[PDB]
Amino acid sequence: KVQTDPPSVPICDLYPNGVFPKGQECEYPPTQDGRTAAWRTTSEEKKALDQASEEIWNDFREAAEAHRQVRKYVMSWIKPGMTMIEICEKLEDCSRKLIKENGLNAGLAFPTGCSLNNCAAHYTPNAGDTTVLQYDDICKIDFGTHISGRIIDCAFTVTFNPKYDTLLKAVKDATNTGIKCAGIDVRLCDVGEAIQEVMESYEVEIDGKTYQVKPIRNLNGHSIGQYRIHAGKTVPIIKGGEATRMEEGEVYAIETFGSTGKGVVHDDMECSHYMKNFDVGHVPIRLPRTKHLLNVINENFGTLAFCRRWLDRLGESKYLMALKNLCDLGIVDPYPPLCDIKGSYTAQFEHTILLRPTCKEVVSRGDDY
Ligand SMILES: Cc1ccc(NNC(=O)[C@@H](O)[C@H](N)CC2CCCCC2)cc1
Ligand SMILES: [Mn+2]
Ligand SMILES: [Mn+2]
């Protein structure tokens with residue numbers, strides 16, 4: 001079918017067949033020896049294997065298409081003057097429609113991160129936040145969608161002042177380098193090393209000061225699992241990491257962060273992000289308020305991340321203490337904003353890739369980034 005200017009037509013209605021557009025497909029990187037992998041996108045044994053998980057790939061694609069159309073729409077109206085809340089509500093309303101939100105079967109994978117300046121991630125406004133987007137602000141729009149738990153974790157950076165251009169370019173190039181180096185049997189530490197090489201190859205000048213872009217060392221990429229945004233493996237963006245290898249059938253979020261500060265982040269500001277620990281099982285709770293809140297989370301989010309605004313919209317009131325109890329019990333983990341030093345600028349770019357038996361698919365790739 002056809003999408004209305006302001007996106008409103010759910011993605012599955014634009015593809016009645018049930019088959020969604022594939023992302024960018026690439027040949028796996030050749031081995032150190034010089035061994036090519038073009039045989040994978042050919043081997044009958046791999047082909048059947050890949051086709052066997054087609055429904056899965058397809059679900060990732062449905063979510064990726066939603067992500068592509070939502071972000072394009074956002075890039076058309078995001079502007080200084082708007083509050084962070086106005087920005088997140090407008091984005092999420094469109095996302096809910098295009099993904100055709102349906103309980104845990106289809107919806108938003110996590111809250112809309114819109115971290116500003118020295119803060120690189122995990123910031124989304126809570127109720128009452130009067131923060132307004134400024135002309136010189138560098139905002140990281142990081143939002144996700146999912147179908148049946150197949151998560152699309154994709155992100156980009158927003159600026160209005162050209163002075164940040166090379167900084168954005170550096171991080172974008174670094175993220176793309178990480179995407180190219182990634183592959184079946186590729187060592188994670190090699191990906192991180194390669195990413196840092198590109199990142200540090202860039203130098204920038206902002207308001208009279210020059211800087212060699214630094215990747216944020218304590219931030220990183222990660223493997224993705226069903227309903228588990230952080231499956232267990234990590235993709236470093238600096239050298240010195242694990243020699244652990246990426247494997248066939250795995251899904252990864254290739255994300256990098258560049259900064260003009262220390263290249264290190266720390267918790268800062270009021271927490272807005274929360275997510276149930278995946279490994280913790282059922283826990284009996286008598287405390288009335290804490291019990292109800294946990295039930296609401298299990299029903300509406302499962303192991304998917306959420307924020308306070310999402311609790312508010314569900315009619316929940318005065319739940320902070322109950323939420324703190326859940327955190328203290330280790331049932332829910334808080335994810336406060338991660339920021340570099342005051343006055344520093346940070347940028348981010350992220351894509352979700354599928355390590356298919358036949359090829360490497362950058363499922364969330366768009367004509368934008
Ligand atoms: C240190 C470290 C840094 C980043 C990551 N992964 N990625 C992220 O957190 C972002 O790209 C996610 N979209 C945001 C989300 C991830 C789960 C917890 C709530 C916030 C994992 C570890
Ligand atoms: Mn993300
Ligand atoms: Mn991520």
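Numbering starts at 1 and runs along the chain as displayed.
Cβ from N, Cα, C; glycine included.
Look at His122 (substrate binding site): DSSP puts it in coil. According to Swiss-Prot, the feature substrate binding site maps to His122, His230.
For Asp142, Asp153, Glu350, the entry in Swiss-Prot reads divalent metal cation 1 binding site. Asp153 (divalent metal cation 1 binding site) falls within a strand segment according to DSSP. Listed in sequence order, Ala109, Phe110, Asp142, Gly144, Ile224, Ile229, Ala253, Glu255, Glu350, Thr352 are the same-chain residues at least 6 apart in sequence whose CB falls under 8 Å from the CB of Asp153 (divalent metal cation 1 binding site).
DSSP assigns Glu350 (divalent metal cation 1 binding site) to a strand segment in the three-state reduction. Feature annotation from Swiss-Prot assigns divalent metal cation 2 binding site to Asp153, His222, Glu255, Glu350.
Taking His122, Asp153, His230, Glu255 as the candidate binding-site residues, the subset whose CB lies under 6 angstroms from any atom of ligand 3 consists of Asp153, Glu255. Candidate binding-site residues: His122, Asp153, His222. Those with a Cβ under 6 Å from ligand 2, in sequence order, are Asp153. Summarising the environment of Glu255 (divalent metal cation 2 binding site), the number of other Cβ atoms within 10 Å of its Cβ, over all protein chains shown, is 26.
The Cβ of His122 (substrate binding site) has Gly113, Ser115, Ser272, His273, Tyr335, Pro336, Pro337, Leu338 as same-chain neighbours under 8 Å, each 6 or more residues away in sequence. Figure note: comparing Cβ neighbours within 10 Å for the binding-site residues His222, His230, the maximum is reached by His222. Across the structure, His230 (substrate binding site) and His222 (divalent metal cation 2 binding site) are spaced 6 Å apart at their Cα atoms.
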